[PDB]
Amino acid sequence: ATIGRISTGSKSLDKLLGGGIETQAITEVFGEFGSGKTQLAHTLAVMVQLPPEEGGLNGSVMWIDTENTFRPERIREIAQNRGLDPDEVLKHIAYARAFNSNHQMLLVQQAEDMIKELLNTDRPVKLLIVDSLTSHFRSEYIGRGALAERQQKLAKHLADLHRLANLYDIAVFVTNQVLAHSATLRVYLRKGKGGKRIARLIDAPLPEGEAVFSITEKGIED
Amino acid sequence: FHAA
């Protein structure tokens, strides 16, 4: 399948990304608390449901939430301000809370069942969010080595996510609060002056430069 | 998973 691209809602961020986040890829956003990672997730969960002429893929969403940060209210706000029916947008997001890192891992296998169900329908899964990818792993496991449980488990988790992205033509979007080179694409996000958010690609020798955007009632915008 |  050709690579599809989901607009972020910001023309600046989209240009930085070459049109939007890609299917058959893991895009990892990382940054400090308050940098807008979860806002970008909420925005993408709406944007992907738009038709391609408006920057979406007419797609469904699956969302694995490890910090209790998914907000249906925020989805409804973004949806109505982007011309969609909030009821429909919520209906096409399949949501699960991950209890711990082991449950988070199992949820990826659970997700595959519904990805297969929807694969040849009018609304296939096009976006899988894991927010936060790493919070449970960092809380539960202390050791840094390749042989340590944290790395072994996270490596398997990331390989599982990769597999889904490429097998089923899905954009996988994950967040990480500040191994490191696993994601197809790493984006560093920070909060700058006047509530502006600034994005930079990390180790992607794609456009040099930085995107700037705002958090608004439309999710994100220039 | 459940609808949101």
Side-chain angles (χ1 to χ4, degrees), chain A residues 1 3-10 13-14 17 20-29 36-52 54-98 104 107-133 157 160-175 183-185 187 218-220, chain B:
Chain A
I3 298 309
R5 288 179 181 80
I6 307 164
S7 174
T8 66
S10 164
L13 185 52
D14 286 353
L17 295 168
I21 73 168
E22 294 183 343
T23 66
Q24 304 172 54
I26 301 179
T27 301
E28 172 199 347
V29 67
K37 300 184 300 295
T38 293
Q39 292 288 1
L40 182 49
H42 281 83
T43 302
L44 288 164
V46 177
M47 299 299 294
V48 70
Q49 307 200 34
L50 291 166
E54 291 180 74
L57 298 171
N58 279 309
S60 291
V61 182
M62 305 191 72
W63 190 312
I64 298 170
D65 177 4
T66 74
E67 296 186 314
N68 206 32
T69 49
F70 176 67
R71 293 197 84 225
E73 305 97 300
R74 181 57 167 151
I75 297 298
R76 289 183 96 258
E77 178 183 31
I78 295 169
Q80 66 192 271
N81 287 123
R82 295 213 173 247
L84 292 173
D85 178 349
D87 300 340
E88 287 289 300
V89 170
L90 286 172
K91 181 180 175 184
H92 293 104
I93 299 167
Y95 175 71
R97 278 250 37 222
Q104 182 179 332
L107 279 165
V108 181
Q109 323 311 328
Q110 290 174 59
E112 187 170 357
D113 287 350
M114 300 167 61
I115 289 163
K116 285 179 177 175
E117 287 163 34
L118 297 180
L119 188 64
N120 291 306
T121 71
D122 301 326
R123 301 292 304 273
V125 177
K126 288 288 144 181
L127 179 65
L128 170 58
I129 289 159
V130 188
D131 182 12
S132 164
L133 180 74
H157 185 47
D160 291 340
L161 290 165
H162 276 281
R163 173 179 167 275
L164 295 183
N166 282 266
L167 188 49
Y168 300 116
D169 191 30
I170 295 171
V172 176
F173 183 81
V174 304
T175 71
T184 312
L185 180 61
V187 183
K218 293 183 65 174
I220 79 172
Chain B
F1 286 93
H2 303 275

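Letters A, B, ... mirror the listed sequences (proteins, then strands); counts begin at 1.
Using a 4.5 Å cut-off on side-chain heavy atoms (C-beta onward), A:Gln109 and A:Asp160 make contact. Between A:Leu161 and A:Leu128, some side-chain heavy-atom pair lies under the 4.5 Å cut-off. Two residues are said to be in side-chain contact when any heavy atoms from C-beta on lie closer than 4.5 Å; A:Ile115 and A:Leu167 fail this criterion. Taking 4.5 Å as the limit, every side-chain heavy atom of A:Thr175 sits out of range of all side-chain heavy atoms of A:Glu28. Counting heavy atoms from C-beta on, the side chains of A:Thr43 and A:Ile78 come closer than 4.5 Å. By the 4.5 Å heavy-atom criterion applied to side chains, A:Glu22 and A:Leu185 are not counted as neighbours.
Panel note: side chain A:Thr184, backbone A:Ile26; a donor-acceptor pair is recorded below 3.5 Å. Under a 3.5 Å cut-off, the side chain of A:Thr66 and the backbone N or O of A:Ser132 do form a donor-acceptor pair.
For the side-chain contact (heavy atoms from CB on, under 4.5 Å) with A:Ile64, the qualifying choice from A:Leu133, A:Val174, A:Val108, A:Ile129 is A:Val108, the only one to do so. Partner of A:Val46 under the side-chain contact (heavy atoms from CB on, under 4.5 Å) criterion, out of A:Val89, A:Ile93, A:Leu90: A:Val89 alone.
Counting non-hydrogen atoms of neighbouring residues, nucleotides and ligands closer than 6.0 angstrom, the CG atom of A:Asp87 exceeds 12 such neighbours.
A:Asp113 is linked by a salt bridge (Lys or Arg N to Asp or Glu O under 4.0 Å) to nothing, counting only residues two or more places apart in sequence or in another chain. For A:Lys116, the side chain to side chain contact (heavy atoms under 4.5 Å, CB included) partners at least two apart in sequence or on another chain are A:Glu112, A:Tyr168. In this view, A:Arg123 satisfies the salt bridge (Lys or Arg N to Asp or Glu O under 4.0 Å) rule with no residue, not counting sequence neighbours. In this structure A:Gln110 satisfies the side chain to side chain contact (heavy atoms under 4.5 Å, CB included) test together with A:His103, A:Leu106, A:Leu107, B:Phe1, sequence neighbours excluded. Shown here are the ring pair (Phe, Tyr, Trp, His ring centres under 6.0 Å) partners of A:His157, two or more places apart in sequence or in another chain: A:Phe137. With sequence neighbours left out, the side chain to side chain contact (heavy atoms under 4.5 Å, CB included) criterion links A:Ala165 to A:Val172. Under the rule for a salt bridge (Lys or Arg N to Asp or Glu O under 4.0 Å), A:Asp14 has no partner lying at least two apart in sequence or in another chain. Applying the ring pair (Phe, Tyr, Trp, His ring centres under 6.0 Å) rule to A:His42 yields the partners A:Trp63, A:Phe70; only residues at least two apart in sequence or on another chain are considered. In terms of the salt bridge (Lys or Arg N to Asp or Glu O under 4.0 Å) criterion, residue partners of A:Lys126 (sequence neighbours excluded) are, by chain and number, A:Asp169. Applying the side chain to side chain contact (heavy atoms under 4.5 Å, CB included) criterion to A:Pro52, with sequence neighbours excluded, gives A:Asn58.
Counting all heavy atoms, side chain and backbone alike, A:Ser10 lies closest to A:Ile220 at CB-CD1, 3.8 Å.
The side chain to side chain donor-acceptor pair (under 3.5 Å) pairs that include a residue from residues 77-86 of chain A are A:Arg74-A:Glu77, where partners are two or more places apart or lie in different chains. Pairs passing the salt bridge (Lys or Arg N to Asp or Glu O under 4.0 Å) check and including a residue from residues 57-72 of chain A, sequence neighbours excluded, read A:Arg71-A:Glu73.
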